[PDB]
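The structure appears below as structure tokens.
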Amino acid sequence: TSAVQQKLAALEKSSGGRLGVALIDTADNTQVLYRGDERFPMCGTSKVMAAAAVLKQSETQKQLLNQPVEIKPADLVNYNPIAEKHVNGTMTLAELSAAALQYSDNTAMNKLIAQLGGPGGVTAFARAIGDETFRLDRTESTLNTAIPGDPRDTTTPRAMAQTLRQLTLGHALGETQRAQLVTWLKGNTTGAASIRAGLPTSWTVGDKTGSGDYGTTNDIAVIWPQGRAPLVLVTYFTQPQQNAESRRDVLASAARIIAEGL
Ligand SMILES: C=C1CS[C@H]([C@@H](C=O)NC(=O)/C(=N/OC(C)(C)C(=O)O)c2csc(N)n2)N=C1C(=O)O
């Protein structure tokens, strides 16, 4: 047990829940893991895989991101802040990707899933880039049920950190696609109280949050400090009570502990 792992264990004990953390330091390719091989419900953090899968399609279909997609009343689900603005109209796949990633729009996510041929098309892209752990089983909004022990719509912190590294810092995507994903993540609007809240305010962050039942509160992030190699940080948190409140503060505290031990 390292110093950082003892503090993360203390944070978890103080929280009442179950915490999963994976850090990759790309300077020396070292890793910090806390419950790094346990499964956690992804919730909206799975939207990165779906957006990346559509970006991968656009490497062959070069104008794909410009393709209009109808938004119909039947498409609306539980949380659709951007798509509701375009019902009975269209959004492009670029606009749907940005809405899914930067506003956590669940209707937008369902349009990405449909473009990929169902949840199996998202999982397929994960396997194609070497992620053997990720599984997407359902569409929105039921993929956020986050039931303890349910393997559906889960991954592990170790696997998600490696995948996020390959998609953003690595070259699992083409050059313009990789840059587009980074731009989208940097422009996220839902992460101010999560990993970002625990990091020095001068560091540049791109991130995607997730939330669900059982007070499931997640965030995955690529971090660019000034003057050193970037980091990839995954923080997953879930709780014993189905109706538990969100705990974004736990993710901020985990990020702060990781930034300390660095
Ligand atoms: C803040 C949101 C808006 S909802 C959107 C999606 C996120 O992962 N979550 C849900 O749709 C969601 N589903 O749960 C229901 C209740 C639909 C379920 O699956 O039964 C949920 C629960 S608490 C919360 N906030 N969002 N996700 C998050 C996020 O952090 O990105």
Side-chain angles (χ1 to χ4, degrees), residues 15-21 39-53 71 74-85 95-114 119 122 134-155 157 160 163-164 181 184-198 205-222 233-255:
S15 78
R18 185 170 63 100
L19 173 70
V21 179
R39 292 209 164 251
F40 291 80
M42 289 184 289
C43 298
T45 65
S46 66
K47 292 179 186 177
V48 176
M49 193 75 77
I71 313 302
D75 298 332
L76 301 178
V77 289
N78 72 323
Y79 187 69
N80 328 290
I82 307 308
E84 64 192 18
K85 304 200 210 144
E95 293 162 352
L96 289 159
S97 300
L101 292 176
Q102 301 181 326
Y103 291 88
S104 310
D105 191 299
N106 286 340
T107 293
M109 171 60 153
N110 278 354
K111 294 302 186 178
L112 302 179
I113 294 172
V122 185
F134 175 104
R135 52 181 293 176
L136 192 72
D137 298 89
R138 291 171 290 176
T139 59
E140 302 278 6
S141 61
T142 60
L143 64 86
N144 307 292
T145 52
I147 292 157
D150 188 354
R152 295 180 293 178
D153 309 298
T154 60
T155 195
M160 191 59 107
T163 286
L164 186 61
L181 181 59
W184 281 335
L185 294 170
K186 278 178 194 182
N188 177 38
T189 77
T190 69
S194 308
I195 282 170
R196 289 171 193 260
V205 182
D207 84 292
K208 175 80 195 78
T209 57
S211 69
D213 292 339
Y214 289 85
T216 296
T217 315
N218 301 331
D219 200 10
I220 66 176
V222 184
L233 177 62
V234 166
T235 61
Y236 280 172
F237 184 68
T238 192
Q239 295 176 78
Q241 312 85 4
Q242 182 166 40
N243 71 341
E245 43 167 30
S246 62
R247 289 291 303 279
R248 302 186 282 172
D249 65 286
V250 174
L251 312 186
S253 297

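Both backbone and side-chain heavy atoms feed into the values below; hydrogens, waters and symmetry mates do not. For ligands, and for the atoms within them, numbers begin at 1 and follow the listed sequence. Position 1 is the first residue of the sequence, and the numbers go up from there.
Here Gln241 pairs with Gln239, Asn243, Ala244 under the side chain to side chain contact (heavy atoms under 4.5 Å, CB included) rule; sequence neighbours left out. Considering only residues two or more places apart in sequence or on other chains, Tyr79 meets the side chain to side chain contact (heavy atoms under 4.5 Å, CB included) condition with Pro81, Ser104, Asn106.
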Show me the donor-acceptor pairs, under 3.5 Å and distance only, between side chains in residues 95-103 and residues at least two apart or in other chains.
from   : atom 1 : to     : atom 2 : distance (Å)
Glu95  : OE1    : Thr92  : N      : 3.1
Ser97  : OG     : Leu93  : O      : 2.8
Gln102 : NE2    : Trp184 : O      : 2.9

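Atom CD of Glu140 is separated from atom OG1 of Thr107 by 8.5 Å, given to the nearest 0.5 angstrom. Separating the OG1 atom in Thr235 from the CG atom in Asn218 is a distance of 7.0 Å, to the nearest 0.5 Å. In this structure, CG in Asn78 is found 7.0 Å from CG in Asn144, a value given to the nearest 0.5 Å.
For ligand 1, the 4.0 Å heavy-atom shell takes in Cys43, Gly44, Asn78, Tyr79, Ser104, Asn106, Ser141, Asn144, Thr145, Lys208, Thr209, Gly210, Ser211, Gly212, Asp213, ordered by chain and residue number.
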